[PDB]
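Q: experimental coordinates follow, after the sequence.
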Amino acid sequence: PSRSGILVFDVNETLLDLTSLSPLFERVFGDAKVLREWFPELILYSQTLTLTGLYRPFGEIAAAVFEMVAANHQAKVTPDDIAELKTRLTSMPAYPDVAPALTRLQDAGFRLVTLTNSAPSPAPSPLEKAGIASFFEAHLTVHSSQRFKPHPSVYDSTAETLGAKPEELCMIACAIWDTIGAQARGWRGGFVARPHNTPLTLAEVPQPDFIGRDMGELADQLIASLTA
Amino acid sequence: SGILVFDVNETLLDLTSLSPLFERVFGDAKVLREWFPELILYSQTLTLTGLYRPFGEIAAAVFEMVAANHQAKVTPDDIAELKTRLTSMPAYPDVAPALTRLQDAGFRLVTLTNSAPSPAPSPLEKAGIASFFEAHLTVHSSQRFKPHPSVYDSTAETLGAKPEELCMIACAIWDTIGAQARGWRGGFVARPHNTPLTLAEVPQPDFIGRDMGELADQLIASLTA
């Protein structure tokens, strides 16, 4: 029974702050801005392996891509750097606005779930460390699909697992590519702006059903919609 | 004998020629290196989700998206200039000699690109190197971007070739990965800001050159290995 609806949250960038990796980019590359290059490269190659029928765990593509991007700049990279990337990736802090919005949405009767590209860790997971894991009834990953978002099977198997119908699900992300993936499967999409994350707009591509400049505004819209 | 299938953007045609537009709009030409992966990422996203728009339009919408991300102002004029520049990239100096060599060596030469067909003249025609090729293929008719398996299979089908007779040439390792997954050979050419991805269990390129001349040496070598 979905209640107000099921809200399926993306984790990296959406809940957890990617700029917390900056220091490592500042040091190794002499420019923190390289973060904004390495990340799309990472997403790109995860969707590449997905399209060609290959799978390696996200953190591993992340390390290979960090190496790749390093070579591209002629920047030196030690096995120490790669381990720190793993450390920082799995320890990203939650945006301050997340816990109050999760509280409000729970109280408004929403079911709350996470769906990430990141492979299962041993405990503690990044959200556990961040102190926000317990807001959610389930924490799912692409590892069981052996394919990255936005492949349809990631969303479909998630809806299966939750015994939910697409009309009852809402994918929440700051990445329009993830909302696009979910909407194409019949889910609703909810966009939350994060610094350096604005929506893409393109003909024939459904827009998000809900948009907020931050998680609190998005929760205003999701809650408003229950009675609107 | 062997069919070499060349990626076009970045590989044959010089992407850094877009720099002055990134300089002007963003106060930093390096933003080129953020925009371009976002573009490829979104093309692949559309393909994965059953959506399609031409590459040049994804390019424009991603350019706007990245502008907003930087809080940089962007007018319809800036977008128009992106189109013009995307369709006018010059050939790297090393291309015509390498292609002359490969042709004289007996290779069939073919191009394959994500970019939609335009009215003549094409980017390759303007650069003066189109005529080295026997065919210019695009993903357009199939409405799926590289590296979706069907792009390569439909290419082999179109050329009446089997996978063993084909070698994908790109500075984009994701494109060589795409082709090798369908049993093609892959040939990687370093271009500035492109180095190979090395990842466990992902096939490496069959051939690697630090430029198109060196790549052509290795391909000419494997003729009687």
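A: It's in. Numbering: from 1, shown residues only, chains lettered A, B, ... in the order given.
Q: only C-alpha atoms for contact and neighbour calcs from this point on.
A: Noted.
Q: name the nearest residue to residue A:187, sequence neighbours excluded.
A: Among residues not flanking residue A:187 along the chain, residue A:166 sits closest, at 4.8 Å (CA to CA, 6 or more residues apart in numbering or on different chains).
Q: in contact with the one you found, which residues?
A: A:159, A:185, A:186, A:187, A:188 (CA atoms under 8 Å, 6 or more residues apart in numbering or on different chains).
Q: 7 Å instead?
A: A:159, A:185, A:186, A:187 (CA atoms under 7 Å, 6 or more residues apart in numbering or on different chains).
Q: state the distance from residue A:48 to chain B.
A: From residue A:48 across to chain B, the span is 6 Å (CA to the nearest CA, to the nearest Å).
Q: er, residue A:209 actually
A: 17 Å.
Q: please name the nearest non-neighbouring residue to that residue.
A: That would be residue A:189: by CA to CA, 6+ apart, it lies 5.3 Å from residue A:209.
Q: and the one you found, its phi and psi?
A: Here is the backbone geometry of residue A:189 (degrees, to the nearest 10): phi -120, psi 140.
Q: residue contacts, it?
A: A:170, A:171, A:172, A:179, A:182, A:183, A:208, A:209, A:210.
Q: on the three-state scheme, the third one is what?
A: So the one you mean is residue A:172. strand (DSSP: H, G, I helix; E, B strand; the rest coil).
Q: now do the helix or strand hosting residue A:45: which elements does it pack against?
A: Following DSSP states H and E, one finds residue A:45 within helix A:35-52. Contacts defined by 3 or more CA pairs under 7 Å, 6 or more residues apart in numbering or on different chains; DSSP states H and E place helix A:35-52 against helix A:58-73, helix B:32-49, helix B:173-180.
Q: buried stuff in stretch A:190-201?
A: The neighbour-count check on stretch A:190-201 (16 or more other CA atoms under 10 Å in any protein chain shown) flags A:190, A:191, A:192, A:193, A:194, A:197, A:198, A:199, A:200, A:201 as buried.
Q: surely the third one touches residue A:173?
A: Yes: at 5.9 Å, residue A:192 and residue A:173 qualify as touching, with contact defined as CA atoms under 7 Å.
Q: got the residues of chain A near chain B?
A: A:36-37, A:40-41, A:43-45, A:47-48, A:51-52, A:64-65, A:68, A:71-73, A:150-152, A:177, A:181, A:184, A:196-202 (CA under 7 Å from any CA of the partner chain).
Q: let's have the helices and strands packed on helix A:35-52 in a markdown table, adding distance to residue A:215.
A: Formatted as a markdown table, the helices and strands packed on helix A:35-52 follow (distance: least, CA to CA, whole Å):
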| stretch | distance to residue A:215 |
| --- | --- |
| helix A:58-73 | 25 |
| helix B:32-49 | 24 |
| helix B:173-180 | 34 |
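Q: please list all residues in contact with the residue of chain A most remote from its centre.
A: Farthest-out residue of chain A from its mean C-alpha position, per CA atoms, centre = their mean: residue A:74, at 29.7 Å. The contact partners of residue A:74, taken as CA under 7 Å, 6+ apart, number zero.
Q: phi and psi next, for it.
A: phi 70, psi 40.
Q: quick one: it from residue A:67, how far?
A: Residue A:74 is 10 Å from residue A:67, where distance means CA to CA, to the nearest Å.
Q: repeat that for residue A:211.
A: Distance of residue A:211 to residue A:67, given as CA to CA: 35 Å.
Q: do residue A:21 as well
A: 15 Å.
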